[PDB]
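**Student:** Pasting start23.pdb here (PDB, C-alpha atoms and all ligand atoms):
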```pdb
ATOM      1  CA  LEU Y   7      29.829  81.568 -82.735
ATOM      2  CA  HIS Y   8      26.540  79.930 -81.659
ATOM      3  CA  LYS Y   9      25.572  77.591 -78.898
ATOM      4  CA  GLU Y  10      23.655  74.487 -80.016
ATOM      5  CA  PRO Y  11      21.904  71.812 -77.981
ATOM      6  CA  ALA Y  12      23.348  68.477 -76.925
ATOM      7  CA  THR Y  13      22.743  66.006 -74.108
ATOM      8  CA  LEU Y  14      25.307  64.040 -72.094
ATOM      9  CA  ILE Y  15      25.530  60.331 -72.978
ATOM     10  CA  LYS Y  16      28.643  59.445 -70.881
ATOM     11  CA  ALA Y  17      31.668  61.097 -69.355
ATOM     12  CA  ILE Y  18      34.934  59.898 -70.771
ATOM     13  CA  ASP Y  19      37.903  61.895 -69.370
ATOM     14  CA  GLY Y  20      39.197  65.421 -68.599
ATOM     15  CA  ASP Y  21      38.914  66.803 -72.160
ATOM     16  CA  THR Y  22      36.551  64.309 -73.960
ATOM     17  CA  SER Y  23      32.933  63.406 -73.416
ATOM     18  CA  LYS Y  24      30.278  61.430 -75.314
ATOM     19  CA  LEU Y  25      27.343  63.722 -76.154
ATOM     20  CA  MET Y  26      24.280  63.329 -78.362
ATOM     21  CA  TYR Y  27      24.376  66.153 -80.940
ATOM     22  CA  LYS Y  28      21.633  66.512 -83.639
ATOM     23  CA  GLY Y  29      20.398  63.205 -82.247
ATOM     24  CA  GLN Y  30      23.658  61.293 -83.011
ATOM     25  CA  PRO Y  31      26.216  59.973 -80.506
ATOM     26  CA  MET Y  32      29.619  61.658 -80.882
ATOM     27  CA  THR Y  33      32.790  61.869 -78.786
ATOM     28  CA  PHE Y  34      33.657  65.559 -78.350
ATOM     29  CA  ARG Y  35      37.230  66.691 -77.709
ATOM     30  CA  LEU Y  36      37.377  70.163 -76.015
ATOM     31  CA  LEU Y  37      39.010  72.851 -78.163
ATOM     32  CA  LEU Y  38      42.163  74.703 -77.007
ATOM     33  CA  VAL Y  39      42.913  72.531 -73.948
ATOM     34  CA  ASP Y  40      44.903  69.526 -72.796
ATOM     35  CA  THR Y  41      44.108  67.578 -69.663
ATOM     36  CA  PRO Y  42      46.472  64.937 -68.266
ATOM     37  CA  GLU Y  43      45.541  61.362 -69.260
ATOM     38  CA  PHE Y  50      43.772  59.440 -66.508
ATOM     39  CA  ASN Y  51      46.973  57.590 -65.843
ATOM     40  CA  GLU Y  52      48.906  60.798 -65.320
ATOM     41  CA  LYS Y  53      49.176  63.187 -62.430
ATOM     42  CA  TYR Y  54      45.964  65.221 -62.016
ATOM     43  CA  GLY Y  55      44.455  63.002 -64.675
ATOM     44  CA  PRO Y  56      41.927  61.498 -62.263
ATOM     45  CA  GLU Y  57      41.072  64.977 -60.933
ATOM     46  CA  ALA Y  58      40.483  66.360 -64.385
ATOM     47  CA  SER Y  59      38.256  63.414 -65.384
ATOM     48  CA  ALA Y  60      36.262  63.921 -62.163
ATOM     49  CA  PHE Y  61      35.886  67.636 -62.716
ATOM     50  CA  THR Y  62      34.598  67.284 -66.293
ATOM     51  CA  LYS Y  63      32.329  64.330 -65.322
ATOM     52  CA  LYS Y  64      30.803  66.303 -62.458
ATOM     53  CA  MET Y  65      30.392  69.481 -64.462
ATOM     54  CA  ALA Y  66      28.677  67.671 -67.344
ATOM     55  CA  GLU Y  67      26.485  65.330 -65.181
ATOM     56  CA  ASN Y  68      25.268  68.128 -62.868
ATOM     57  CA  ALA Y  69      24.271  70.444 -65.811
ATOM     58  CA  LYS Y  70      20.625  70.905 -66.608
ATOM     59  CA  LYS Y  71      21.612  72.168 -70.044
ATOM     60  CA  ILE Y  72      24.601  71.087 -72.155
ATOM     61  CA  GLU Y  73      25.527  73.115 -75.217
ATOM     62  CA  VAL Y  74      28.056  72.693 -78.063
ATOM     63  CA  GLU Y  75      29.694  75.674 -79.676
ATOM     64  CA  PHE Y  76      31.767  74.980 -82.760
ATOM     65  CA  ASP Y  77      34.498  77.367 -83.771
ATOM     66  CA  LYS Y  78      35.044  78.807 -87.295
ATOM     67  CA  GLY Y  79      37.233  75.972 -88.666
ATOM     68  CA  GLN Y  80      37.316  72.191 -88.545
ATOM     69  CA  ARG Y  81      34.400  70.627 -86.602
ATOM     70  CA  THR Y  82      35.804  67.128 -86.403
ATOM     71  CA  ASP Y  83      39.356  65.918 -85.909
ATOM     72  CA  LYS Y  84      41.211  63.104 -87.706
ATOM     73  CA  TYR Y  85      39.701  60.613 -85.184
ATOM     74  CA  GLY Y  86      36.095  61.615 -85.942
ATOM     75  CA  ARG Y  87      35.829  63.516 -82.589
ATOM     76  CA  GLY Y  88      33.767  66.688 -82.629
ATOM     77  CA  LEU Y  89      35.863  69.796 -81.735
ATOM     78  CA  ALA Y  90      33.934  72.328 -79.732
ATOM     79  CA  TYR Y  91      33.624  74.543 -76.721
ATOM     80  CA  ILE Y  92      31.292  72.727 -74.332
ATOM     81  CA  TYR Y  93      28.996  74.644 -71.888
ATOM     82  CA  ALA Y  94      27.239  73.384 -68.765
ATOM     83  CA  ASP Y  95      24.390  75.697 -67.665
ATOM     84  CA  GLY Y  96      26.138  78.496 -69.536
ATOM     85  CA  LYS Y  97      29.602  77.945 -67.971
ATOM     86  CA  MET Y  98      32.324  76.872 -70.475
ATOM     87  CA  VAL Y  99      33.888  73.572 -69.356
ATOM     88  CA  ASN Y 100      37.065  74.331 -71.402
ATOM     89  CA  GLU Y 101      37.576  77.614 -69.488
ATOM     90  CA  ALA Y 102      36.660  76.130 -66.122
ATOM     91  CA  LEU Y 103      39.271  73.311 -66.450
ATOM     92  CA  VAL Y 104      42.031  75.809 -67.312
ATOM     93  CA  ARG Y 105      40.943  78.218 -64.545
ATOM     94  CA  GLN Y 106      41.257  75.356 -62.053
ATOM     95  CA  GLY Y 107      44.724  74.318 -63.214
ATOM     96  CA  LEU Y 108      43.382  70.919 -64.406
ATOM     97  CA  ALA Y 109      44.242  71.655 -68.082
ATOM     98  CA  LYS Y 110      46.791  73.684 -70.025
ATOM     99  CA  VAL Y 111      45.971  75.835 -73.032
ATOM    100  CA  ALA Y 112      47.131  73.634 -75.918
ATOM    101  CA  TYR Y 113      46.440  72.668 -79.559
ATOM    102  CA  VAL Y 114      45.812  76.243 -80.682
ATOM    103  CA  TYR Y 115      45.327  75.832 -84.418
ATOM    104  CA  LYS Y 116      44.752  78.848 -86.714
ATOM    105  CA  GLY Y 117      41.045  79.322 -87.548
ATOM    106  CA  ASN Y 118      39.735  77.373 -84.518
ATOM    107  CA  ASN Y 119      40.918  79.739 -81.821
ATOM    108  CA  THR Y 120      38.201  82.186 -81.020
ATOM    109  CA  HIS Y 121      38.483  81.735 -77.222
ATOM    110  CA  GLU Y 122      42.249  81.543 -76.994
ATOM    111  CA  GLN Y 123      42.743  84.763 -75.158
ATOM    112  CA  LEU Y 124      39.852  84.028 -72.715
ATOM    113  CA  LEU Y 125      41.491  80.695 -71.876
ATOM    114  CA  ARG Y 126      45.018  82.127 -71.621
ATOM    115  CA  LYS Y 127      43.734  84.698 -69.089
ATOM    116  CA  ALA Y 128      42.229  81.812 -67.030
ATOM    117  CA  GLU Y 129      45.540  79.873 -67.239
ATOM    118  CA  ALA Y 130      47.482  82.950 -65.984
ATOM    119  CA  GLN Y 131      45.152  83.201 -62.973
ATOM    120  CA  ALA Y 132      45.440  79.427 -62.229
ATOM    121  CA  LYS Y 133      49.192  79.665 -62.485
ATOM    122  CA  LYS Y 134      49.324  82.748 -60.212
ATOM    123  CA  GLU Y 135      47.283  80.761 -57.660
ATOM    124  CA  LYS Y 136      49.631  77.816 -58.077
ATOM    125  CA  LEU Y 137      46.631  75.574 -58.616
ATOM    126  CA  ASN Y 138      46.903  71.838 -59.263
ATOM    127  CA  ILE Y 139      49.147  71.400 -62.386
ATOM    128  CA  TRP Y 140      50.784  74.763 -61.483
ATOM    129  CA  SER Y 141      51.369  73.747 -57.839
TER     130      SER Y 141
HETATM  131  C1  LIG N   1      42.355  69.396 -79.397
HETATM  132  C2  LIG N   1      42.656  68.897 -80.804
HETATM  133  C3  LIG N   1      43.361  67.699 -80.962
HETATM  134  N1  LIG N   1      43.668  67.278 -82.215
HETATM  135  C4  LIG N   1      44.435  66.011 -82.410
HETATM  136  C5  LIG N   1      45.875  66.435 -82.278
HETATM  137  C6  LIG N   1      46.566  65.271 -81.612
HETATM  138  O1  LIG N   1      47.008  64.335 -82.630
HETATM  139  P1  LIG N   1      47.839  62.997 -82.140
HETATM  140  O2  LIG N   1      46.815  61.967 -81.655
HETATM  141  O3  LIG N   1      48.441  62.582 -83.449
HETATM  142  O4  LIG N   1      48.798  63.420 -81.036
HETATM  143  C7  LIG N   1      45.450  64.633 -80.773
HETATM  144  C8  LIG N   1      45.540  65.161 -79.329
HETATM  145  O5  LIG N   1      44.356  64.721 -78.634
HETATM  146  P2  LIG N   1      44.351  64.075 -77.210
HETATM  147  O6  LIG N   1      44.996  65.081 -76.258
HETATM  148  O7  LIG N   1      42.904  63.754 -76.909
HETATM  149  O8  LIG N   1      45.182  62.824 -77.191
HETATM  150  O9  LIG N   1      44.258  65.221 -81.267
HETATM  151  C9  LIG N   1      43.318  68.022 -83.353
HETATM  152  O10 LIG N   1      43.656  67.586 -84.517
HETATM  153  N2  LIG N   1      42.625  69.164 -83.272
HETATM  154  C10 LIG N   1      42.313  69.652 -82.002
HETATM  155  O11 LIG N   1      41.782  70.763 -81.959
HETATM  156 CA    CA N   2      44.466  64.829 -73.218
END
```
Translate this structure into structure tokens?
Ligand SMILES: Cc1cn([C@H]2C[C@H](OP(=O)(O)O)[C@@H](COP(=O)(O)O)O2)c(=O)[nH]c1=O
Ligand SMILES: [Ca+2]

**Tutor:**
Amino acid sequence: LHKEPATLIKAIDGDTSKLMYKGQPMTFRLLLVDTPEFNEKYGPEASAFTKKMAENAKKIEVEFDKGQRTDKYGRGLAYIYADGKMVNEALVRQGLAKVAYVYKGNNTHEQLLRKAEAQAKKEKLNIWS
């Protein structure tokens, strides 16, 4: 997999953000994770965490997996990095997302994220509390 450039346009919620990619606006949905909706418990915390991580980053990068790059809603599906730190992983490690939506052929970082979820759960963090 390869990291490609993007810039933040606007935060949206815990697991979606609006980025400019190849000079086009796109909503990106983070691969392999599920955050609570804003209206749900920890939903506000997950939105805040993703907004802060993206807005503070000097460098945002998109990394597509091997399989589908856009979902049925036209959202880009990717791993998103902020100054080299994967936002998908960081949410799960903090207990602000669960590993979820693991489809065959877009699951390169599944085991990395499951390890982070196990550690968040052992710490009883947030969703696991
Ligand atoms: C994360 C992800 C979601 N989706 C679709 C599945 C779900 O369909 P439904 O909308 O029919 O439930 C929806 C979940 O996204 P959200 O969690 O953003 O709502 O996004 C994919 O198709 N591929 C993916 O990799
Ligand atoms: Ca969600």

**Student:** If we count all atoms listed in the file, what is near range 19-30 of chain Y at a cut-off of 9 Å, once residues fewer than 5 positions away on the same chain are taken out, given as a ChimeraX atom specification?

**Tutor:** /Y:10-14,35-37,39-43,50,55-63,66,72,74,87,99-100,103,108-109

**Student:** With C-alpha atoms kept, could you save the residues just selected as a PDB file, in the coordinates of the input?

**Tutor:**
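Ended up saving to again.pdb:
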```pdb
ATOM      1  CA  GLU Y  10      23.655  74.487 -80.016  1.00  0.00           C
ATOM      2  CA  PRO Y  11      21.904  71.812 -77.981  1.00  0.00           C
ATOM      3  CA  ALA Y  12      23.348  68.477 -76.925  1.00  0.00           C
ATOM      4  CA  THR Y  13      22.743  66.006 -74.108  1.00  0.00           C
ATOM      5  CA  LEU Y  14      25.307  64.040 -72.094  1.00  0.00           C
ATOM      6  CA  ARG Y  35      37.230  66.691 -77.709  1.00  0.00           C
ATOM      7  CA  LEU Y  36      37.377  70.163 -76.015  1.00  0.00           C
ATOM      8  CA  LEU Y  37      39.010  72.851 -78.163  1.00  0.00           C
ATOM      9  CA  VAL Y  39      42.913  72.531 -73.948  1.00  0.00           C
ATOM     10  CA  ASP Y  40      44.903  69.526 -72.796  1.00  0.00           C
ATOM     11  CA  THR Y  41      44.108  67.578 -69.663  1.00  0.00           C
ATOM     12  CA  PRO Y  42      46.472  64.937 -68.266  1.00  0.00           C
ATOM     13  CA  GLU Y  43      45.541  61.362 -69.260  1.00  0.00           C
ATOM     14  CA  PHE Y  50      43.772  59.440 -66.508  1.00  0.00           C
ATOM     15  CA  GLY Y  55      44.455  63.002 -64.675  1.00  0.00           C
ATOM     16  CA  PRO Y  56      41.927  61.498 -62.263  1.00  0.00           C
ATOM     17  CA  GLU Y  57      41.072  64.977 -60.933  1.00  0.00           C
ATOM     18  CA  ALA Y  58      40.483  66.360 -64.385  1.00  0.00           C
ATOM     19  CA  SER Y  59      38.256  63.414 -65.384  1.00  0.00           C
ATOM     20  CA  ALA Y  60      36.262  63.921 -62.163  1.00  0.00           C
ATOM     21  CA  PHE Y  61      35.886  67.636 -62.716  1.00  0.00           C
ATOM     22  CA  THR Y  62      34.598  67.284 -66.293  1.00  0.00           C
ATOM     23  CA  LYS Y  63      32.329  64.330 -65.322  1.00  0.00           C
ATOM     24  CA  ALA Y  66      28.677  67.671 -67.344  1.00  0.00           C
ATOM     25  CA  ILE Y  72      24.601  71.087 -72.155  1.00  0.00           C
ATOM     26  CA  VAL Y  74      28.056  72.693 -78.063  1.00  0.00           C
ATOM     27  CA  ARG Y  87      35.829  63.516 -82.589  1.00  0.00           C
ATOM     28  CA  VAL Y  99      33.888  73.572 -69.356  1.00  0.00           C
ATOM     29  CA  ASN Y 100      37.065  74.331 -71.402  1.00  0.00           C
ATOM     30  CA  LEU Y 103      39.271  73.311 -66.450  1.00  0.00           C
ATOM     31  CA  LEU Y 108      43.382  70.919 -64.406  1.00  0.00           C
ATOM     32  CA  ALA Y 109      44.242  71.655 -68.082  1.00  0.00           C
TER      33      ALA Y 109
END
```

**Student:** Could you tell me how far CA of residue 137 in chain Y lies from CA of residue 102 in chain Y, in Å and to one decimal?

**Tutor:**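 Computing it gives 12.5 Å between the two atoms.
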
**Student:** I'd like to know which of Y:69, Y:38, Y:90, Y:98 is closest to ligand CA 2 (chain N), using only C-alpha atoms and all ligand atoms.

**Tutor:**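 Going through Y:69, Y:38, Y:90, Y:98 one by one, the smallest distance to ligand CA 2 (chain N) is for Y:38.
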
**Student:** Applying the PyMOL selection byres (((chain Y and resi 115) around 10) and not hetatm) to the file I just gave you, which residues come out? Please list them as number ranges by chain.

**Tutor:** Y: 37-38, 79-80, 112-114, 116-119, 122

**Student:** Those selected residues, please, written with C-alpha atoms and delivered as an mmCIF file, keeping the file's coordinate frame.

**Tutor:**
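So selection_37.cif came out as:
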```cif
data_model
loop_
_atom_site.group_PDB
_atom_site.id
_atom_site.type_symbol
_atom_site.label_atom_id
_atom_site.label_comp_id
_atom_site.auth_asym_id
_atom_site.auth_seq_id
_atom_site.Cartn_x
_atom_site.Cartn_y
_atom_site.Cartn_z
ATOM 1 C CA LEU Y 37 39.010 72.851 -78.163
ATOM 2 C CA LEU Y 38 42.163 74.703 -77.007
ATOM 3 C CA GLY Y 79 37.233 75.972 -88.666
ATOM 4 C CA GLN Y 80 37.316 72.191 -88.545
ATOM 5 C CA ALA Y 112 47.131 73.634 -75.918
ATOM 6 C CA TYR Y 113 46.440 72.668 -79.559
ATOM 7 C CA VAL Y 114 45.812 76.243 -80.682
ATOM 8 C CA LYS Y 116 44.752 78.848 -86.714
ATOM 9 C CA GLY Y 117 41.045 79.322 -87.548
ATOM 10 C CA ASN Y 118 39.735 77.373 -84.518
ATOM 11 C CA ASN Y 119 40.918 79.739 -81.821
ATOM 12 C CA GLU Y 122 42.249 81.543 -76.994
#
```

**Student:** Take atom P2 of ligand LIG 1 (chain N) and CA of residue 126 in chain Y and report the distance between them in Å, one decimal.

**Tutor:**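 Between atom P2 of ligand LIG 1 (chain N) and CA of residue 126 in chain Y the gap works out to 18.9 Å.
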
**Student:** For residue 101 in chain Y, which residue among Y:18, Y:125, Y:65, Y:89 is the nearest when counting all atoms listed in the file?

**Tutor:**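 Under the stated criterion, the closest residue is Y:125.
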
**Student:** Run the PyMOL selection byres (((chain Y and resi 127) around 12) and not hetatm) mentally over the shown coordinates, then write out the matched residues as a count of residues only, using the chain letters and numbers from the document.

**Tutor:** 21

**Student:** Which one of Y:141, Y:120, Y:82, Y:93 sits closest to ligand LIG 1 (chain N) if you count only C-alpha atoms and all ligand atoms?

**Tutor:**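 Looking only at the distances to ligand LIG 1 (chain N), the closest residue turns out to be Y:82.
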
**Student:** Return the single residue from Y:140, Y:52, Y:31, Y:64 that is closest to ligand CA 2 (chain N), with distances computed using only C-alpha atoms and all ligand atoms.

**Tutor:**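 Of Y:140, Y:52, Y:31, Y:64, the one nearest ligand CA 2 (chain N), counting only C-alpha atoms and all ligand atoms, is Y:52.
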
**Student:** When you draw a straight line from atom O6 of ligand LIG 1 (chain N) to CA of residue 92 in chain Y, how long is it in Å?

**Tutor:**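 Separation between atom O6 of ligand LIG 1 (chain N) and CA of residue 92 in chain Y: 15.8 Å.
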
**Student:** Which of these residues is nearest to ligand LIG 1 (chain N), using all atoms listed in the file: Y:7, Y:16, Y:84, Y:68?

**Tutor:**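 Under the stated criterion, the closest residue is Y:84.
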
**Student:** Which one of Y:86, Y:95, Y:34, Y:138 sits closest to ligand CA 2 (chain N) if you count all atoms listed in the file?

**Tutor:** Y:34
